[PDB]
Amino acid sequence: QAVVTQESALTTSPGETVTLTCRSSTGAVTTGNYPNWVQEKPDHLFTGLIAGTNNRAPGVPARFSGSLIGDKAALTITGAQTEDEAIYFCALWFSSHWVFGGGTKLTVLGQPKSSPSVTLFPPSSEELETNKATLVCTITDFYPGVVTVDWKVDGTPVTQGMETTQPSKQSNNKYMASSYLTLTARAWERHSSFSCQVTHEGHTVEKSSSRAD
Amino acid sequence: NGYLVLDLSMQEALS
Amino acid sequence: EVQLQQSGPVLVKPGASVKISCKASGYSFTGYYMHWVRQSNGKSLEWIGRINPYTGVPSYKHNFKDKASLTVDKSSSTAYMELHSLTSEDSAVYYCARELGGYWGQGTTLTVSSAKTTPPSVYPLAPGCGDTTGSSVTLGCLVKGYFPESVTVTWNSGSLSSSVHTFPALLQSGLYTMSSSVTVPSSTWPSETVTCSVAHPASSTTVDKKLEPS
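In order, the protein sequence lines correspond to chains L, BA2 and H. So the first sequence is numbered by PDB author numbering: it starts at 1 and just counts up by one. So the second sequence is numbered by PDB author numbering: it starts at 584 and just counts up by one. So the third sequence is numbered by PDB author numbering: it starts at 1 and just counts up by one.
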């Protein structure tokens with residue numbers, strides 16, 4: 001019933017100040033909800049930051065501070081550093097249990113922004129012989145590491161049979177992801193145009209493949 | 584008195 | 001220093017039970033509560049419950065009351081969580097944490113699956129015959145239908161690595177699917193050989209696919 005919501009993603013630069021918020025669907029957030037904040041870095045590495053609204057955990061840099069702003073809990077990073085690029089979760093107490101927010105992906109620009117390189121592959125003849133068909137849309141070298149992927153068949157938005165990986169960091173600290181459109185062999189041969197649309201920083205790029213005549 | 588068991592998750596806010 | 005050392009990854013079949021451990025070091029174990037948390041792909045973070053190690057009294061979120069049982073061993077300063085009647089939806093990473101905004105364990109990955117060891121089927125990813133030539137060309141290999149994780153993809157015995165992009169696996173139809181890509185100069189392919197080698201130690205099987213023009 002009690003749902004906790006955070007910003008999906010935020011971007012800042014080294015040395016700037018950024019604020020993350022944490023709101024409750026049932027009412028205002030107060031000290032009675034004992035807001036806790038925790039940081040997740042890649043490979044399931046959780047580091048607690050703030051407990052009880054604003055008690056900073058031992059060893060956490062002083063640039064992290066918790067507070068209440070209006071009816072929401074807030075985590076403020078004053079003078080963000082590149083190593084602060086990570087996911088940040090809030091947790092709120094509701095009488096007898098905790099509820100986590102969905103987490104906020106925080107980008108701290110360590111390099112210039114980069115548009116995605118998109119490549120769409122067709123189903124291989126080998127797979128078609130198995131009565132299956134999978135289109136693969138690889139997306140690489142984008143920064144910040146947040147993208148939206150939409151599929152279209154014959155111009156119709158696809159709503160079933162598609163799945164995308166969560167962005168993963170490349171060696172050059174850009175990000176990559178792959179999206180799949182799983183279809184039956186008959187479905188593949190029963191439609192004409194297939195499309196992978198990838199949106200990044202509000203910019204949409206497209207790659208399409210149509211079954212040749 | 585007695586043995587106190589803490590839950591630092593539920594600290595009171597500082598003021 | 002504080003250390004919360006959880007037990008290792010575990011694979012079990014549906015309907016069984018598992019006991020995950022969390023060994024606490026560097027502080028008075030009975031002086032602090034211990035929390036348990038679940039991280040799944042579809043549900044993100046969920047609080048399971050907490051336990052008072054001195055009194056041994058556990059508290060649960062309502063939806064985990066019949067799923068989890070929290071206990072402690074004061075002699076070894078270890079907290080335990082036993083999960084019952086496991087289903088595929090119980091697959092997740094489980095954490096202990098002394099406090100949500102403080103020290104966390106490293107996580108225990110639990111896989112609940114009825115699937116049996118299955119080698120991957122490797123399919124080539126290549127541009128179509130009607131593709132437009134560019135300065136470079138991006139090739140790949142689709143690795144579908146293997147279990148358990150993981151696979152290791154190599155391109156041309158490692159000579160190509162800078163331009164390689166290997167993507168995370170996704171669970172689909174009870175089996176795992178992943179893909180890898182490489183970018184080479186157009187003057188190198190198809191004029192020269194480009195091969196992906198997909199090793200799956202669990203099945204004692206390795207599959208190499210030479211990329212050919214579609």
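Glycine included, C-beta positions come from ideal geometry on N, C-alpha and C.
Starting from the beta carbon of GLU192 (chain H), find every residue of chain L whose beta carbon is closer than 7 Å, and list them in chain order.
-> What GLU192 (chain H) touches in chain L: nothing, since even the nearest Cβ is about 20 Å away.
Could you please tell me which residues of the stretch 93-110 of chain H, in chain order, have their CB closer than 9 Å to any CB of chain L?
-> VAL93, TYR95, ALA97, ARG98, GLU99, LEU100, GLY101, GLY102, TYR103, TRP104, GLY105, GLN106, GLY107, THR109
Going straight from the alpha carbon of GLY8 (chain H) to that of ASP213 (chain L), what length do you get?
-> A straight-line Cα-Cα distance of about 54 Å links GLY8 (chain H) and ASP213 (chain L).
With DSSP as the reference, label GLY32 (chain L) as helix, strand or coil.
-> In the structure shown, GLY32 (chain L) sits in a helix (DSSP, three-state: H, G or I).
When we look at the beta-carbon of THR193 (chain H) and count the other beta-carbons within 10 Å, is it buried (16 or more) or exposed?
-> exposed
By how many angstroms is the C-alpha of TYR180 (chain L) removed from the C-alpha of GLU163 (chain L)?
-> 5 Å
Do three or more CB pairs link the stretch 38-52 of chain L to the stretch 111-121 of chain L at distances below 8 Å?
-> no
Anyone know if the C-beta pair for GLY103 (chain L) and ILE77 (chain L) falls short of 8 Å?
-> no
Between the C-alpha atoms of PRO58 (chain H) and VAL588 (chain BA2), what's the straight-line distance to the nearest angstrom?
-> A straight line joining the alpha-carbon of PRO58 (chain H) with that of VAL588 (chain BA2) spans about 13 Å.
Alpha-carbon spacing of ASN54 (chain L) relative to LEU160 (chain H), whole angstroms | 49 Å
For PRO185 (chain H), the residue or residues it bridges with in DSSP | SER136 (chain H)
Closer than 8 Å, CB to CB, is residue 682 (chain BA2) near chain H or not?
-> Chain BA2 is shown from 584 up to 598; residue 682 (chain BA2) falls before or after that span and cannot be answered.
Quick one: is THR78 (chain H) buried, meaning 16 or more other Cβ sit within 10 Å of its Cβ, or exposed?
-> buried
So what does DSSP say about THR53 (chain L), is it helix, strand or coil?
-> coil
What's the call for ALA126 (chain H), buried or exposed, on a 16-neighbour Cβ count within 10 Å?
-> buried
Over the uninterrupted beta strand (DSSP E) stretch that includes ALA97 (chain H), give me the two end residues.
-> 92-97
Residue-level contact to chain H via CB, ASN36 (chain L), 8 Å cutoff | yes
Thinking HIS84 (chain H) and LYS67 (chain H) are a contact (beta carbons under 8 Å), I'd like their distance in whole angstroms, please.
-> 6 Å
Tell me, which residues are paired with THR76 (chain L) by DSSP?
-> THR76 (chain L) pairs with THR19 (chain L), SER65 (chain L).
Members of the stretch 27-43 of chain H that neighbour chain BA2 once the beta carbon cut-off is set at 8 Å | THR30, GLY31, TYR32, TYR33, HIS35
Alpha-carbon spacing of residue 236 (chain H) relative to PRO53 (chain H), whole angstroms | Shown here, chain H extends from 1 to 214; a query on residue 236 (chain H) therefore has no answer.
Whole angstroms is fine: what's the gap from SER114 (chain H)'s alpha carbon to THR87 (chain H)'s?
-> Distance between the alpha carbons of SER114 (chain H) and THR87 (chain H): 9 Å.
Candidates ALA80 (chain L), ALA74 (chain L), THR11 (chain L): closest to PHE89 (chain L) by CA position = Ranking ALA80 (chain L), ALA74 (chain L), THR11 (chain L) by Cα distance to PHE89 (chain L) puts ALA74 (chain L) first.
By a C-beta neighbour count over all protein chains shown, 10 Å radius and 16 as the cutoff for buried, is residue 215 (chain L) buried or exposed?
-> Here chain L comprises residues numbered 1 to 213, so residue 215 (chain L) is not present and cannot be evaluated.
Quickly, what does DSSP pair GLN166 (chain L) with across the bridge? List them, please.
-> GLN166 (chain L) is not bridged to any residue.
Whether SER193 (chain L) touches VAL136 (chain L) by CB criterion (8 Å) = no
Is it buried or exposed for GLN594 (chain BA2), if we count other Cβ within 10 angstroms and need 16 for buried?
-> The residue is buried, with at least 16 neighbouring Cβ atoms inside 10 Å.
In three-state terms, what does DSSP make of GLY48 (chain L)?
-> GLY48 (chain L): strand per DSSP, three-state reduction.
Simplified DSSP assignment, three categories, for residue 216 (chain L) = One cannot answer for residue 216 (chain L) here, as it falls past the ends of chain L, which runs 1 to 213.
Roughly how many angstroms separate the alpha carbons of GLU99 (chain H) and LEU110 (chain H), rounded to a whole number?
-> 22 Å
When the Cα atoms are used, what is the spatial distance from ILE69 (chain L) to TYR33 (chain H)?
-> When only Cα atoms are considered, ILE69 (chain L) and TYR33 (chain H) end up about 29 Å apart.
When burial is assigned at 16 or more other CB atoms within 10 Å of the CB, is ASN584 (chain BA2) buried or exposed?
-> exposed
Closer than 8 Å at the beta carbon, the chain BA2 residues around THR31 (chain L) = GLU595, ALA596
Contact between the stretch 196-205 of chain H and the stretch 141-150 of chain H: three or more CB pairs below 8 Å?
-> yes
Alpha helix (DSSP H) segment containing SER95 (chain L), residue limits = Counting along the chain, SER95 (chain L) falls outside any alpha helix (DSSP H), and DSSP gives it neither H nor E.
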